[PDB]
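For reference, the structure is listed below as structure tokens.
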Amino acid sequence: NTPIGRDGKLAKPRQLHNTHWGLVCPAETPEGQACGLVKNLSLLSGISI
Amino acid sequence: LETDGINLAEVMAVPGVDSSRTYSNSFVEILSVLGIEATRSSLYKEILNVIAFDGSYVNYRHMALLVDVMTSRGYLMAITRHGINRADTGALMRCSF
Amino acid sequence: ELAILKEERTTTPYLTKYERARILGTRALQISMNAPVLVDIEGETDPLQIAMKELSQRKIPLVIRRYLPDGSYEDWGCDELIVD
Amino acid sequence: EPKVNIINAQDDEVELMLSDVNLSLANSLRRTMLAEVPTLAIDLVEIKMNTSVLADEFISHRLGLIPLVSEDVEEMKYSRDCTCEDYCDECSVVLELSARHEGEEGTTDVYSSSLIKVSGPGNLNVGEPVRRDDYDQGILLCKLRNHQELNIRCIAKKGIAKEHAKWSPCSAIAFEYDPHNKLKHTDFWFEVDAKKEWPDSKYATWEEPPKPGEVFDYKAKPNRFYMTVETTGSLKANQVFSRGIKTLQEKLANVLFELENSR
Amino acid sequence: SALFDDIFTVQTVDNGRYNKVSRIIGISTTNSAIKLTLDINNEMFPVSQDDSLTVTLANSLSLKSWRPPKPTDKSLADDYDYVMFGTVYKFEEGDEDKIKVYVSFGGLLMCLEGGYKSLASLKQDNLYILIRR
Amino acid sequence: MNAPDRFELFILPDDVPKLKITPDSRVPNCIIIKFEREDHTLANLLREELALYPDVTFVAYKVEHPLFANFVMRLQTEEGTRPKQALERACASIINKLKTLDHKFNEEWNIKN
Amino acid sequence: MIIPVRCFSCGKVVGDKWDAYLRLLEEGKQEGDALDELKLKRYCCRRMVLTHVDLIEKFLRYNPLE
Amino acid sequence: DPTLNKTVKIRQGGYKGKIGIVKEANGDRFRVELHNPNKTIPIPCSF
Amino acid sequence: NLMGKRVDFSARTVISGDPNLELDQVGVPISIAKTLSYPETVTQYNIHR
Amino acid sequence: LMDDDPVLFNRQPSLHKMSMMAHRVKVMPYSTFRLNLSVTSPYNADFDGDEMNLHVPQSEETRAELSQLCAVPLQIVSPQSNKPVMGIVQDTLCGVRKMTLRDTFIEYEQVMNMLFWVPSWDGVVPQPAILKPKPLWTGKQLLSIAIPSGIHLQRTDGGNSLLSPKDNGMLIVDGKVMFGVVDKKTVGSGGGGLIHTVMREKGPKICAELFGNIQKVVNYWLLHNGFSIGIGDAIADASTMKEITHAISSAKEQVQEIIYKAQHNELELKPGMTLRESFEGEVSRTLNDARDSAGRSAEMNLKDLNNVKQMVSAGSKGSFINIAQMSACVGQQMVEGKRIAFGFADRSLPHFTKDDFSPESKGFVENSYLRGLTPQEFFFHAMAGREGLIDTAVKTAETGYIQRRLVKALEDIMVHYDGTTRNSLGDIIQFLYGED
Amino acid sequence: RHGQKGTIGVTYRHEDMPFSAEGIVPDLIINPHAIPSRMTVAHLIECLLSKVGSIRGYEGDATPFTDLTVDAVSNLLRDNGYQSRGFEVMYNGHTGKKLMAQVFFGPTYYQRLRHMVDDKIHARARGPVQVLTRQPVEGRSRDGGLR
Amino acid sequence: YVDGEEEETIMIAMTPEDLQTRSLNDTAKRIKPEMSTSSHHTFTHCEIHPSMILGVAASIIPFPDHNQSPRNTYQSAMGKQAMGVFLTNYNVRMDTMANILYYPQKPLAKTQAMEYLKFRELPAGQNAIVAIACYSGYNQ
RNA sequence: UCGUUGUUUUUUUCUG
Ligand SMILES: [Mg+2]
Ligand SMILES: [Zn+2]
Ligand SMILES: [Zn+2]
């Protein structure tokens, strides 16, 4: 998730970015106002502790 | 010649340029320079250009009614809270908006 | 004062759709709640069908009062309005 | 005029040739067989006690679908119109099942065989669940573990597949004619040619191929149908054939009676 | 009752995109300058190039709803291999000698060219067309 | 919730006749038959037969709406015969055909087994 | 969850054939062969024996309430 | 009618031999819900 | 609650195509028909009905 | 709520006055509202789970207004663009297009049935197109049965002659089809179509009956003819892929030359556009042109019986670009109107090398869908689709706001009896509505 | 599995469902119109591969970015004795007649969705009203009123 | 492991075959990018498998590379509502809302990814026989 | 013995 709020639409945060290659799913995302701001880890994702 | 930026009164006066057909895409300039009716026609032209661009088509009377409402009171009455509520309609009508 | 004399009535003589609907509704309501029927009926039970049948014959006792923008008004009898 | 030529026969199925009849006739026969051939199947399940891991409705549904030997069902009256208050033994058959697993281990497998006729308008040969063979346990109804018990008291009735698919005696009725498309009822989608892309029907041998120079015939009509029939085992294929024919005949008779009686 | 007749030589036959229908370019033999462009059903009545067709046009077949043809009754059609019922939708009274009659057979079209003398009687509403061979 | 019962498809209620006949005024010797609790299984069969007869001018039907199990059949024979007679003739002919087919199939099965 | 009774598509009984299908499987015969030997030709049926997931045995593994 | 809310069966009709419980008994026409499906049906007091 | 307001005598449900309906017709599920109601005045023309 | 009652019917959002009309009730079982497939168009509704509301009147006058002002037939022509709003859509359209093909014939019994399917049939079977050697009817006759009497229509397509060899153009005389394929351009909602004429001639009721008649007839015919699509419909012969591959390679090499010459500052500068911008515009033009060419070749390849070609030519669904993307090439990806940016350091994806500008290196999907996509191309397509979704999501709200502002601006203008146009105060806006 | 969502229009019975030559009546029929404008080719590819798998007796592999071309599937299917592109000669069930065109036909993985109709149907003739405003309450579960 | 930032400075071959230069001409398969702008290549890593860039839901789709992306997104957001066997022990639990499908069937056209998602052991749909054809205009 | 009433407030994930 991204807590960017929804006050002011903008587009940069929502659009898929090249760096997302293989870290977050490209196809999966909600619809509506949350479209893009909610992302799902790619199948081989791992988080540094 | 089609240009950028706006200075109507000056360019219209330049020698060798038809001063009767010069046109600008900023209708507030038209109101300032060419009176009110010129602004009305230019505004209609702008709306028509926007709508017809994709290929759609809207009967003329609708755009005519819209533009006439906008420039009924002799000055550009923008479509927002400011201009509309600044009208002299009933208090109830304007409060609802 | 507000009324306009019959000779100078200027509005369109035809019957606008809105007048049509209002007249039909009013007549049907009246008939459907024990009012006289000015025309014969053969087999039609619905009040609204009766209303259109009555209108088609020009037999409706209703006077439309048209308000001009100023406030003055003129009156037309339903018997004298050209219905399409 | 109508002719039949059975090709390959068997208890459950039939592969026959029927010719010299209106296509409408054969198709209506197929529909009537699939739809309006009354048989017997479960229609009320009372679970006196259950402890399985399966919802009661689940078991009721599974029971509803099990095929029953409905050979003489023709002779059973419709429970709807039977005069008896409640169900007599002549408008219904009662089957009962109660199997229980015991011992802390193992897993019992309640099979269709365990159903046991209790009553029924004897000695009519109806009600017994169908079995492939002598040893065939039959369908699998459920699995039970330790300390799990099941007690149901089913009921069966005579109904037509129209009401519910459980009364359908026919499984799948093949059907086809003019394997060479000589009537040209179809145009063959193709990328290169109609012949070298399209597999030929298994009856291609039974009819001569159209000659190359032959001209189209427009007065020709479909005349040979190659229809196969299969049954669940609840009725013999030949019995199904005769019964569908009888049902169609009596329905037409009813129509004729109504027509003449209108006056 | 035959309002017209002639014998035509099939100049060319075009299948086009269709399969059951082909368009035939026909010219008379008894009198030239008469060209017939007709739409025909290939399979129902195949034709080939440079064949001979006995074309005959009549406003009726006697000697309102349709009915299957009883074999008992007889009609003018009994002597032809291809019959079509048409409708006239344009009777072009063109230049001095170019008079074109346009007939649509419920989708199947036909254009007829030639001198006014032959075509003069065709100014009708519905035209049967009969073809021998 | 608003599902129709499955037993209503074929069990004709008493108040409505199985078959209802009406005349077609627009043309002579034409009637319209309103069937009940039936579908293509019977309508198509009857139509195919009736079309073959020579004295029948127009035979037609249509399943008005699949959610309602009934169909209407329009039939008009030439003046020679009243349509009802043609209808019953077709019924009898079909019954005879079916009986013949049953006999032949029984023979074939018997010799087969 | 448990093998179905009939093939939704056509209606041919298949439920009883599950045990035999498994048995044929244990002895190494490929699935196609097993389906053939059961006389399941119309794939409308084959899809079921081929693609049933058995879950009831998973449910049993829970100690029953009673 | 103090005879409400008691299980009742049906003897004649299309739902012959089905269990149920009275729900409304206004008069001459009992509306008894059917246990097998999720529906309610009316039926006169004689059946 | 002044311009817009929740009203009575309404219904909401799913839709479905049906080629066998005339252009101005509409299919109403029977339950809704039984639930919604339209007042009707009593007259000689309808008393029996 | 009994039969024939008039009941309002709405779909949210209700953009324009056609978004809610008054229908006639017909009680049916099951638990879904049902509509005639045609009337969806104004509702902009689809049966994929959409819901609509139903408001009942509660008086007798209200019933009068609903019946006389909001009845569906009276809304056939939209004042927005003075053109018909509803029309023949989907299966009925793609069915009528085939049914009126010159080479369709119907045996006697089938016709006998169809004429019975038309409720408004006069009861007089028309004479068959062919009387010998076998009675036959051409579908156009059946369609003409649906069209009422005394209707005149005609159209010219591509400078066609009056023999219409290609069967384009249209002509109807006294409600009978002389020639031409009936398709979108004739029965569709477009102005000057058959619906417009029938409406303006015979009135609303006859137009509604026409809609019903045509749907019934074409639906029956399609039912008894069958129609479907298959994977092969998206496949092309080998020579065609050879042509497409040659075109793609040529376009790529043209782009390569463009890059070489702009790198050497040998590429001209377009007015008002710098080196980078003009270069990008040139590349975009080249790639779009190449995709257009490949799609056009694939289009010529398809046979006239190809399902996709049928359903496009009829105009029921899809268009040329759909075919091009499906079969020939997906084409270049646009994001924010520009090729794929360099999210990474001077590159789009790590799998490429630094400082590359080749079409594949910036989002040129070469393979058509039928051939599948490589991972890079798949990801780029995903980027484009995500942007499109965001675009719709943002655009809807702003358009709704503009709609609200406009309506709350012009909600009191009313055409008075004098012919003037005045707002609430009586102030005059136009001395004659639309000056006519 | 390709976002071809849709509701059930109407349900036909076994007999009326059109039947192929072998008696396989389809479970479920969808409209061809949906395919091109959405270009969901994967739908058709999956149908073909599933038909192949059922006939040959095993599950197919649809891992993206692989070598499995459509042509290989067509070759396998034809070898097994079916039309190379999965078409079939299909008979109308109302009159047992053939259909002038063929029909794509095969198994496909379909999944039901939570939005059952009975969970959405709702009507209000009269009932509870908000205390504050004396207007109908909100919500289906409380006999709400349409706004 | 490589984080997002380190990806900036590496050359990743899509598949092992790319590590070896190749020399065909098929019309039913894909053609690689030309990749001729680098006469030589210095590959440092090779994608383990490209199909791993998809999320959980997206992995369910078959041939997800043959679809218009918005359809993939819709199916992704849709599969999270397909009824199925969510948990083996559904019987004991007491949840407010729980649905189960009588006869789940593992999809015929599997993907190599569902092995690890257990989908083939807890499927949520039935392989239905489907015919794509305008039958009676009721399915438009 | 007709009569007969059932919360707000936020937040959330969803549907078109
Ligand atoms: Mg929608
Ligand atoms: Zn009894
Ligand atoms: Zn099966």
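Identifiers for the structure tokens are assigned positionally: chains receive A, B, ... in sequence, residues are indexed from 1 per chain, and ligands are indexed from 1 in the order shown.
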
Task: Expected selection as a PyMOL selection string for ligand 3 within 7 Å, only C-alpha atoms (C1' of nucleotides) and all ligand atoms - done: chain G and resi 7-12+42-45

Open item on the list: Which residues are close to residue 50 of chain L, i.e. within 8 Å by only C-alpha atoms (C1' of nucleotides), leaving aside same-chain residues fewer than 5 positions away? Reply as an NGL selection string.
Closed with: (:J and (375)) or (:K and (65)) or (:L and (14-15))

Open item on the list: Could you list the protein, DNA and RNA residues that have any atom within 9 Å of ligand 2, counting only C-alpha atoms (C1' of nucleotides) and all ligand atoms, and write them as a ChimeraX atom specification?
Closed with: /D:77-92

Task: Env. residues ligand 1 / 10 Å / only C-alpha atoms (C1' of nucleotides) and all ligand atoms / as a PyMOL selection string - done: (chain J and resi 44-51) or (chain K and resi 6) or (chain M and resi 15-16)

For chain F against chain H, with a cut-off of 12 Å and counting only C-alpha atoms, what is the closest atom pair and its distance in Å to one decimal for every residue that makes the cut, ordered by chain and number, as CSV?
residue,atom,partner,partner_atom,distance
F:1,CA,H:39,CA,7.1
F:2,CA,H:39,CA,9.4
F:3,CA,H:39,CA,9.9
F:4,CA,H:39,CA,11.2
F:5,CA,H:14,CA,10.1
F:6,CA,H:14,CA,10.8
F:7,CA,H:14,CA,7.8
F:8,CA,H:14,CA,9.1
F:11,CA,H:14,CA,9.2
F:12,CA,H:14,CA,11.5
F:13,CA,H:14,CA,10.7

Create the file for the chosen residues now, containing N, CA and C atoms and written as a short mmCIF file (atom, residue, chain, number, x, y, z; two decimals), in the first residue's frame.
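File produced: again.cif:
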data_model
loop_
_atom_site.label_atom_id
_atom_site.label_comp_id
_atom_site.auth_asym_id
_atom_site.auth_seq_id
_atom_site.Cartn_x
_atom_site.Cartn_y
_atom_site.Cartn_z
N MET F 1 -36.15 -18.19 -5.69
CA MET F 1 -37.18 -17.36 -5.00
C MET F 1 -38.38 -17.15 -5.91
N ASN F 2 -38.14 -16.60 -7.09
CA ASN F 2 -39.18 -16.44 -8.11
C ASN F 2 -39.09 -17.53 -9.17
N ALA F 3 -38.47 -18.65 -8.84
CA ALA F 3 -38.30 -19.72 -9.81
C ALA F 3 -39.64 -20.40 -10.07
N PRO F 4 -39.97 -20.75 -11.31
CA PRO F 4 -41.19 -21.51 -11.56
C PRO F 4 -41.00 -22.98 -11.25
N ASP F 5 -42.08 -23.62 -10.82
CA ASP F 5 -42.01 -25.03 -10.47
C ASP F 5 -41.71 -25.87 -11.70
N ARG F 6 -40.97 -26.97 -11.50
CA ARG F 6 -40.66 -27.85 -12.62
C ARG F 6 -41.86 -28.71 -13.00
N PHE F 7 -42.77 -28.97 -12.06
CA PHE F 7 -43.94 -29.80 -12.35
C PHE F 7 -45.03 -29.04 -13.09
N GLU F 8 -44.92 -27.72 -13.20
CA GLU F 8 -45.89 -26.93 -13.94
C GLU F 8 -45.68 -27.00 -15.45
N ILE F 11 -47.83 -30.75 -16.35
CA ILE F 11 -49.11 -31.06 -15.72
C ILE F 11 -50.06 -29.89 -15.96
N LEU F 12 -50.93 -30.04 -16.95
CA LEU F 12 -51.83 -28.96 -17.35
C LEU F 12 -52.80 -28.66 -16.21
N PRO F 13 -52.93 -27.41 -15.76
CA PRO F 13 -53.97 -27.10 -14.78
C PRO F 13 -55.36 -27.25 -15.37
#

TODO: Give me every helix (DSSP H, G or I) residue in segment 41-127 of chain D, going by DSSP on the backbone, as a ChimeraX atom specification.
DONE: /D:56-64,73-75,112-114

TODO: Up to 7 Å from chain C, what residues of chain I turn up? Count only C-alpha atoms and give them as a list in words.
DONE: residues 41, 43 and 45 of chain I

If you keep N, CA, C and O atoms, can you produce a file of those selected residues as a PDB file, in the first residue's frame?
ATOM      1  N   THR I  41     -58.508   3.552  -7.672  1.00  0.00           N
ATOM      2  CA  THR I  41     -59.787   3.996  -7.147  1.00  0.00           C
ATOM      3  C   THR I  41     -60.899   3.068  -7.613  1.00  0.00           C
ATOM      4  O   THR I  41     -60.830   2.488  -8.699  1.00  0.00           O
ATOM      5  N   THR I  43     -64.506   2.067  -8.975  1.00  0.00           N
ATOM      6  CA  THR I  43     -65.555   2.618  -9.823  1.00  0.00           C
ATOM      7  C   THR I  43     -66.459   1.524 -10.367  1.00  0.00           C
ATOM      8  O   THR I  43     -66.207   0.332 -10.165  1.00  0.00           O
ATOM      9  N   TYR I  45     -66.690   0.720 -13.468  1.00  0.00           N
ATOM     10  CA  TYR I  45     -65.978   0.010 -14.523  1.00  0.00           C
ATOM     11  C   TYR I  45     -65.046  -1.065 -13.992  1.00  0.00           C
ATOM     12  O   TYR I  45     -64.627  -1.932 -14.766  1.00  0.00           O
TER      13      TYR I  45
END

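Atom CA of residue 145 of chain J lies 8.6 Å from atom CA of residue 126 of chain J.
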
Task: Spatial neighbours of residue 36 of chain A, 9 Å, only C-alpha atoms (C1' of nucleotides), chain gap at least 5 places, as a list in words - done: residues 13, 14, 15, 16, 28, 29, 30 and 31 of chain A; 386 and 390 of chain J

Task: Spatial neighbours of residue 80 of chain F, 12 Å, only C-alpha atoms (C1' of nucleotides), chain gap at least 3 places, as a PyMOL selection string - done: chain F and resi 28-29+54-57+76-77+83+85-86

Write the selection just made, keeping N, CA, C and O atoms, as an mmCIF file, in the first residue's frame?
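Output (result_1.cif):
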data_model
loop_
_atom_site.group_PDB
_atom_site.id
_atom_site.type_symbol
_atom_site.label_atom_id
_atom_site.label_comp_id
_atom_site.auth_asym_id
_atom_site.auth_seq_id
_atom_site.Cartn_x
_atom_site.Cartn_y
_atom_site.Cartn_z
ATOM 1 N N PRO F 28 -59.688 -16.761 -45.381
ATOM 2 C CA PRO F 28 -60.677 -17.823 -45.180
ATOM 3 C C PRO F 28 -60.025 -19.159 -44.876
ATOM 4 O O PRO F 28 -58.871 -19.413 -45.228
ATOM 5 N N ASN F 29 -60.792 -20.028 -44.221
ATOM 6 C CA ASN F 29 -60.372 -21.407 -43.984
ATOM 7 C C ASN F 29 -59.046 -21.466 -43.234
ATOM 8 O O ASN F 29 -58.211 -22.336 -43.486
ATOM 9 N N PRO F 54 -51.037 -32.253 -49.713
ATOM 10 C CA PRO F 54 -51.199 -31.338 -50.849
ATOM 11 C C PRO F 54 -52.246 -30.268 -50.598
ATOM 12 O O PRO F 54 -52.134 -29.151 -51.111
ATOM 13 N N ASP F 55 -53.268 -30.598 -49.812
ATOM 14 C CA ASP F 55 -54.419 -29.729 -49.627
ATOM 15 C C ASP F 55 -54.216 -28.701 -48.524
ATOM 16 O O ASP F 55 -55.158 -27.979 -48.185
ATOM 17 N N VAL F 56 -53.015 -28.614 -47.960
ATOM 18 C CA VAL F 56 -52.710 -27.669 -46.893
ATOM 19 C C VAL F 56 -51.927 -26.515 -47.496
ATOM 20 O O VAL F 56 -50.844 -26.718 -48.059
ATOM 21 N N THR F 57 -52.465 -25.306 -47.368
ATOM 22 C CA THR F 57 -51.824 -24.121 -47.912
ATOM 23 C C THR F 57 -50.767 -23.543 -46.993
ATOM 24 O O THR F 57 -49.624 -23.362 -47.423
ATOM 25 N N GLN F 76 -53.827 -23.200 -42.395
ATOM 26 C CA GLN F 76 -54.868 -22.834 -43.348
ATOM 27 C C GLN F 76 -54.755 -23.765 -44.544
ATOM 28 O O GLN F 76 -53.765 -23.717 -45.280
ATOM 29 N N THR F 77 -55.765 -24.602 -44.728
ATOM 30 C CA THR F 77 -55.891 -25.460 -45.892
ATOM 31 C C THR F 77 -56.831 -24.818 -46.902
ATOM 32 O O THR F 77 -57.682 -23.997 -46.555
ATOM 33 N N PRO F 83 -59.480 -27.124 -41.855
ATOM 34 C CA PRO F 83 -58.156 -27.429 -41.296
ATOM 35 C C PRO F 83 -58.182 -28.518 -40.243
ATOM 36 O O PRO F 83 -57.254 -29.334 -40.187
ATOM 37 N N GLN F 85 -59.903 -31.208 -39.982
ATOM 38 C CA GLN F 85 -59.854 -32.528 -40.595
ATOM 39 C C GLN F 85 -58.436 -32.875 -41.017
ATOM 40 O O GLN F 85 -57.969 -33.997 -40.795
ATOM 41 N N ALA F 86 -57.730 -31.923 -41.623
ATOM 42 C CA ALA F 86 -56.346 -32.179 -42.000
ATOM 43 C C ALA F 86 -55.499 -32.468 -40.772
ATOM 44 O O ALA F 86 -54.627 -33.344 -40.798
#

TODO: Using only C-alpha atoms, determine which residues of chain J fall within 9 Å of chain E; present them as an MDAnalysis selection string.
DONE: chainID J and resid 100:104 123:135 137:141 162:166 173 176:180 304

Emit the selected residues as a compact mmCIF listing (two decimals), in the first residue's frame, including N, CA, C and O atoms.
# COMPACT_ATOMS: atom_id res chain seq x y z
N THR J 100 -29.23 -10.76 -45.60
CA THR J 100 -29.46 -10.00 -46.81
C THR J 100 -28.34 -10.18 -47.83
O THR J 100 -28.37 -9.52 -48.87
N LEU J 101 -27.37 -11.04 -47.56
CA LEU J 101 -26.38 -11.35 -48.58
C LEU J 101 -27.08 -11.89 -49.82
O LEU J 101 -28.07 -12.62 -49.74
N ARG J 102 -26.55 -11.51 -50.98
CA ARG J 102 -27.25 -11.82 -52.22
C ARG J 102 -27.51 -13.31 -52.35
O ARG J 102 -28.51 -13.70 -52.97
N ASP J 103 -26.66 -14.15 -51.77
CA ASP J 103 -26.68 -15.59 -52.02
C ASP J 103 -27.30 -16.38 -50.87
O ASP J 103 -26.81 -17.46 -50.53
N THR J 104 -28.35 -15.86 -50.24
CA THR J 104 -29.08 -16.59 -49.21
C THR J 104 -30.48 -16.87 -49.73
O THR J 104 -31.18 -15.95 -50.17
N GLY J 123 -50.46 -11.24 -43.48
CA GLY J 123 -51.06 -12.54 -43.73
C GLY J 123 -51.07 -12.96 -45.18
O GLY J 123 -51.88 -13.82 -45.55
N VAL J 124 -50.22 -12.39 -46.01
CA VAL J 124 -50.18 -12.69 -47.44
C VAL J 124 -48.76 -13.07 -47.81
O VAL J 124 -47.89 -12.20 -47.89
N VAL J 125 -48.53 -14.35 -48.04
CA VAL J 125 -47.18 -14.82 -48.36
C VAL J 125 -46.77 -14.22 -49.70
O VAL J 125 -47.50 -14.35 -50.69
N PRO J 126 -45.63 -13.55 -49.78
CA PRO J 126 -45.20 -13.01 -51.07
C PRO J 126 -44.76 -14.12 -52.01
O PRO J 126 -44.34 -15.19 -51.58
N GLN J 127 -44.86 -13.83 -53.29
CA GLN J 127 -44.46 -14.81 -54.28
C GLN J 127 -42.96 -15.06 -54.18
O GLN J 127 -42.18 -14.13 -53.97
N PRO J 128 -42.52 -16.31 -54.31
CA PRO J 128 -41.10 -16.61 -54.16
C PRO J 128 -40.28 -15.95 -55.26
O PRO J 128 -40.74 -15.72 -56.37
N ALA J 129 -39.02 -15.66 -54.92
CA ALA J 129 -38.11 -15.10 -55.91
C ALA J 129 -37.95 -16.04 -57.08
O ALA J 129 -37.90 -15.60 -58.24
N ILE J 130 -37.87 -17.34 -56.81
CA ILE J 130 -37.76 -18.36 -57.85
C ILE J 130 -39.02 -19.20 -57.78
O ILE J 130 -39.41 -19.67 -56.71
N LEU J 131 -39.67 -19.38 -58.93
CA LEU J 131 -40.83 -20.25 -59.05
C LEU J 131 -40.50 -21.60 -59.66
O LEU J 131 -41.36 -22.49 -59.66
N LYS J 132 -39.29 -21.78 -60.19
CA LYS J 132 -38.94 -23.02 -60.85
C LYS J 132 -37.43 -23.12 -60.86
O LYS J 132 -36.76 -22.09 -61.04
N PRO J 133 -36.85 -24.31 -60.67
CA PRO J 133 -37.50 -25.60 -60.47
C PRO J 133 -37.88 -25.89 -59.02
O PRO J 133 -38.44 -26.94 -58.75
N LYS J 134 -37.58 -24.97 -58.11
CA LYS J 134 -37.93 -25.14 -56.71
C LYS J 134 -38.28 -23.79 -56.11
O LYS J 134 -37.46 -22.86 -56.19
N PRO J 135 -39.45 -23.63 -55.50
CA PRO J 135 -39.78 -22.33 -54.88
C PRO J 135 -38.72 -21.93 -53.87
O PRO J 135 -38.28 -22.74 -53.06
N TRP J 137 -37.14 -18.20 -51.62
CA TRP J 137 -37.28 -16.81 -51.23
C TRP J 137 -35.90 -16.24 -50.94
O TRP J 137 -35.05 -16.93 -50.36
N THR J 138 -35.67 -15.00 -51.35
CA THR J 138 -34.45 -14.33 -50.97
C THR J 138 -34.68 -13.51 -49.71
O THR J 138 -35.65 -12.75 -49.60
N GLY J 139 -33.77 -13.66 -48.75
CA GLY J 139 -33.98 -13.08 -47.44
C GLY J 139 -34.46 -11.64 -47.51
O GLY J 139 -35.29 -11.23 -46.70
N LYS J 140 -33.97 -10.88 -48.49
CA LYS J 140 -34.38 -9.49 -48.59
C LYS J 140 -35.89 -9.37 -48.62
O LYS J 140 -36.46 -8.43 -48.07
N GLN J 141 -36.57 -10.33 -49.25
CA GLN J 141 -38.03 -10.31 -49.24
C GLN J 141 -38.57 -10.40 -47.82
O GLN J 141 -39.45 -9.63 -47.42
N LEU J 162 -26.01 1.75 -60.51
CA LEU J 162 -27.31 1.25 -60.11
C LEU J 162 -27.44 -0.25 -60.26
O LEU J 162 -28.48 -0.81 -59.91
N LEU J 163 -26.42 -0.92 -60.79
CA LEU J 163 -26.39 -2.37 -60.79
C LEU J 163 -25.75 -2.94 -59.53
O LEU J 163 -25.83 -4.16 -59.31
N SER J 164 -25.13 -2.10 -58.71
CA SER J 164 -24.60 -2.51 -57.42
C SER J 164 -23.92 -3.86 -57.51
O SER J 164 -24.28 -4.79 -56.79
N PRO J 165 -22.93 -4.02 -58.39
CA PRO J 165 -22.26 -5.32 -58.50
C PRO J 165 -21.68 -5.78 -57.18
O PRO J 165 -21.75 -6.97 -56.86
N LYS J 166 -21.10 -4.87 -56.40
CA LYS J 166 -20.56 -5.22 -55.10
C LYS J 166 -21.63 -5.33 -54.03
O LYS J 166 -21.34 -5.78 -52.92
N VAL J 173 -38.21 0.57 -51.95
CA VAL J 173 -39.31 1.15 -52.69
C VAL J 173 -40.60 0.60 -52.09
O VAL J 173 -40.83 -0.61 -52.11
N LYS J 176 -39.93 -2.23 -49.71
CA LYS J 176 -39.40 -3.46 -50.27
C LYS J 176 -37.95 -3.24 -50.64
O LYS J 176 -37.60 -2.18 -51.17
N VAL J 177 -37.10 -4.21 -50.35
CA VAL J 177 -35.67 -4.06 -50.57
C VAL J 177 -35.35 -4.43 -52.01
O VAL J 177 -35.40 -5.60 -52.39
N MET J 178 -35.02 -3.42 -52.81
CA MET J 178 -34.60 -3.67 -54.18
C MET J 178 -33.22 -4.30 -54.24
O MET J 178 -33.01 -5.25 -55.00
N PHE J 179 -32.27 -3.79 -53.47
CA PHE J 179 -30.92 -4.33 -53.54
C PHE J 179 -30.09 -3.77 -52.40
O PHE J 179 -30.47 -2.80 -51.75
N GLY J 180 -28.94 -4.40 -52.18
CA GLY J 180 -27.99 -3.90 -51.22
C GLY J 180 -27.96 -4.69 -49.93
O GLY J 180 -28.99 -5.21 -49.50
N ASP J 304 -13.74 -14.10 -47.35
CA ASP J 304 -15.02 -13.47 -47.06
C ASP J 304 -15.85 -14.23 -46.04
O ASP J 304 -16.79 -13.65 -45.49

- [ ] Give the strand (DSSP E) residues of segment 53-206 of chain D, as assigned by DSSP on the backbone, as a PyMOL selection string.
- [x] chain D and resi 68-70+93-97+108-111+116-117+126-129+140-144+150-159

Each chain I residue no farther than 7 Å from chain K, nearest pair in Å, only C-alpha atoms, as a tab-separated table:
residue	atom	partner	partner_atom	distance
I:4	CA	K:147	CA	6.8
I:5	CA	K:147	CA	5.6
I:6	CA	K:147	CA	4.1
I:7	CA	K:145	CA	5.5
I:8	CA	K:125	CA	5.7
I:9	CA	K:125	CA	4.5
I:10	CA	K:124	CA	5.8
I:11	CA	K:123	CA	4.2
I:12	CA	K:122	CA	5.6
I:13	CA	K:121	CA	4.6
I:14	CA	K:117	CA	6.6
I:16	CA	K:9	CA	5.7
I:17	CA	K:9	CA	6.6
I:32	CA	K:123	CA	6.3
I:35	CA	K:125	CA	6.7
I:36	CA	K:125	CA	5.2
I:37	CA	K:125	CA	6.8
